[PDB]
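Trainee: I'd like to ask you about the structure that follows.
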Amino acid sequence: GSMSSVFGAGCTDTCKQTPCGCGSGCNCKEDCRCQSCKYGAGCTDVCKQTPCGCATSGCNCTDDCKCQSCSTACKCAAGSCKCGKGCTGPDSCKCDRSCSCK
Ligand SMILES: [Cd+2]
Ligand SMILES: [Cd+2]
Ligand SMILES: [Cd+2]
Ligand SMILES: [Cd+2]
Ligand SMILES: [Cd+2]
Ligand SMILES: [Cd+2]
Ligand SMILES: [Cd+2]
Ligand SMILES: [Cd+2]
Ligand SMILES: [Cd+2]
C-alpha cells in the first residue's frame with residue numbers, strides 16, 4: 001500500500017485549495033513549493049521583491065519586519081543615536097518597531 005515514500009510530495013488536500021487553505025495551517029511536507037504556504041512570518045511576494053515594492057504597491061506587514069526597505073525610517077543621524085538601540089539612521093536601523101523614533 002505504501003509504494004510512494006511520504007517525505008516530500010506528501011501534501012494535504014488543504015494544499016490544493018483556491019485560495020490555498022494552508023494559509024491557516026500547513027499539513028504538507030517541507031518539500032512543498034507552493035507559493036501560498038511558501039511565506040515566512042507573513043509577507044507578500046511584493047516584500048520579497050528587489051528592490052522591495054511594499055512601499056511602492058502595498059505594504060502588508062508591519063514595522064516589525066527587519067526589511068529596511070518598507071519599514072519606517074528612524075530619527076537618528078550620522079553619529080547621532082536617539083533611541084539608544086545602536087543605529088544611526090534608517091540605513092542602519094535594522095531594529096523592530098520598538099524604536100520610539102518610528
Ligand atoms: Cd499550498
Ligand atoms: Cd501548506
Ligand atoms: Cd504543500
Ligand atoms: Cd515583510
Ligand atoms: Cd519589505
Ligand atoms: Cd512591507
Ligand atoms: Cd532611533
Ligand atoms: Cd538609534
Ligand atoms: Cd533602530
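All residue names refer to the C-alpha cells as shown: chains lettered A, B, ... in order, residues numbered from 1 in each chain, ligands numbered from 1 in order.
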Could you pull the residues within 9 Å of residue 8 (chain A), counting only C-alpha atoms, minus those fewer than 5 positions along the same chain, as an mmCIF file with C-alpha atoms, in the first residue's frame?

Mentor:
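Once everything was written out, this is around26.cif:
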```cif
data_model
loop_
_atom_site.group_PDB
_atom_site.id
_atom_site.type_symbol
_atom_site.label_atom_id
_atom_site.label_comp_id
_atom_site.auth_asym_id
_atom_site.auth_seq_id
_atom_site.Cartn_x
_atom_site.Cartn_y
_atom_site.Cartn_z
ATOM 1 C CA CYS A 28 2.175 19.159 3.886
ATOM 2 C CA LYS A 29 5.900 18.399 3.729
ATOM 3 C CA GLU A 30 8.921 20.729 3.794
ATOM 4 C CA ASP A 31 9.487 19.740 0.166
ATOM 5 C CA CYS A 32 6.481 21.761 -0.908
#
```

Trainee: Would you name the residues within 7 Å of ligand 6, counting only C-alpha atoms and all ligand atoms, and put them as a PyMOL selection string?

Mentor: chain A and resi 47+54-55+59-62+70-71

Trainee: Between CA of residue 22 (chain A) and CA of residue 35 (chain A), what is the distance in Å, rounded to a tenth?

Mentor: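 If I compute the distance from CA of residue 22 (chain A) to CA of residue 35 (chain A), I get 10.4 Å.
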
Trainee: Tell me, counting only C-alpha atoms and all ligand atoms, for each residue of chain A within 10 Å of ligand 2, which pair of atoms is nearest and how far apart they are in Å to one decimal, in rows ordered by chain and increasing number, as a tab-separated table.

Mentor:
```
residue	atom	partner	partner_atom_place_in_ligand_line	distance
A:11	CA	ligand 2	1 (Cd)	7.4
A:12	CA	ligand 2	1 (Cd)	7.6
A:13	CA	ligand 2	1 (Cd)	9.6
A:14	CA	ligand 2	1 (Cd)	7.5
A:15	CA	ligand 2	1 (Cd)	5.4
A:16	CA	ligand 2	1 (Cd)	9.0
A:20	CA	ligand 2	1 (Cd)	7.8
A:21	CA	ligand 2	1 (Cd)	7.5
A:22	CA	ligand 2	1 (Cd)	4.1
A:23	CA	ligand 2	1 (Cd)	6.8
A:24	CA	ligand 2	1 (Cd)	8.5
A:25	CA	ligand 2	1 (Cd)	6.5
A:26	CA	ligand 2	1 (Cd)	3.6
A:27	CA	ligand 2	1 (Cd)	5.8
A:28	CA	ligand 2	1 (Cd)	5.2
A:29	CA	ligand 2	1 (Cd)	7.7
A:30	CA	ligand 2	1 (Cd)	8.7
A:32	CA	ligand 2	1 (Cd)	7.4
A:33	CA	ligand 2	1 (Cd)	9.0
A:34	CA	ligand 2	1 (Cd)	7.2
A:35	CA	ligand 2	1 (Cd)	9.0
A:36	CA	ligand 2	1 (Cd)	7.2
A:37	CA	ligand 2	1 (Cd)	4.7
A:38	CA	ligand 2	1 (Cd)	7.5
A:39	CA	ligand 2	1 (Cd)	9.7
```

Trainee: Would you name the residues within 12 Å of ligand 8, counting only C-alpha atoms and all ligand atoms, and put them as a PyMOL selection string?

Mentor: chain A and resi 73-96+98-102

Trainee: So the first atom is CA of residue 56 (chain A) and the second is atom 1 (Cd, counted along the ligand's line) of ligand 5; what is the distance between them in Å, to one decimal place?

Mentor: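 If I compute the distance from CA of residue 56 (chain A) to atom 1 (Cd, counted along the ligand's line) of ligand 5, I get 10.1 Å.
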
Trainee: Kindly assemble as JSON lines a list of the chain A residues that lie within 7 Å of ligand 4, each paired with its nearest atom pair and their distance in Å to one decimal, using only C-alpha atoms and all ligand atoms, sorted first by chain and then by ascending residue number.

Mentor:
```
{"residue": "A:42", "atom": "CA", "partner": "ligand 4", "partner_atom_place_in_ligand_line": "1 (Cd)", "distance": 6.9}
{"residue": "A:43", "atom": "CA", "partner": "ligand 4", "partner_atom_place_in_ligand_line": "1 (Cd)", "distance": 4.6}
{"residue": "A:44", "atom": "CA", "partner": "ligand 4", "partner_atom_place_in_ligand_line": "1 (Cd)", "distance": 6.9}
{"residue": "A:47", "atom": "CA", "partner": "ligand 4", "partner_atom_place_in_ligand_line": "1 (Cd)", "distance": 5.2}
{"residue": "A:61", "atom": "CA", "partner": "ligand 4", "partner_atom_place_in_ligand_line": "1 (Cd)", "distance": 5.0}
{"residue": "A:65", "atom": "CA", "partner": "ligand 4", "partner_atom_place_in_ligand_line": "1 (Cd)", "distance": 5.1}
{"residue": "A:67", "atom": "CA", "partner": "ligand 4", "partner_atom_place_in_ligand_line": "1 (Cd)", "distance": 6.3}
```

Trainee: How would the residues just chosen look if you wrote them out with C-alpha atoms as a CSV table (one decimal), in the first residue's frame?

Mentor:
```csv
chain,number,residue,atom,x,y,z
A,42,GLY,CA,3.5,36.6,6.9
A,43,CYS,CA,4.8,38.6,3.9
A,44,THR,CA,3.7,39.1,0.4
A,47,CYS,CA,8.0,42.2,0.1
A,61,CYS,CA,3.5,43.6,7.1
A,65,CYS,CA,9.9,43.4,9.6
A,67,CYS,CA,13.3,44.8,6.0
```

Trainee: Please measure the separation of atom 1 (Cd, counted along the ligand's line) of ligand 1 and CA of residue 66 (chain A), giving the value in Å to one decimal.

Mentor: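 CA of residue 66 (chain A) lies 25.3 Å from atom 1 (Cd, counted along the ligand's line) of ligand 1.
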
Trainee: So which residues of region 19-97 of chain A fall under helix (DSSP H, G or I) by DSSP, listed as a VMD selection string?

Mentor: chain A and resid 21 to 24 35 to 37 90 to 92

Trainee: Identify which of the residues A:52, A:46, A:9, A:3 lies closest to ligand 1, counting only C-alpha atoms and all ligand atoms when measuring atom-to-atom distances.

Mentor: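 Answer, going by the shortest atom-to-atom distance: A:9.
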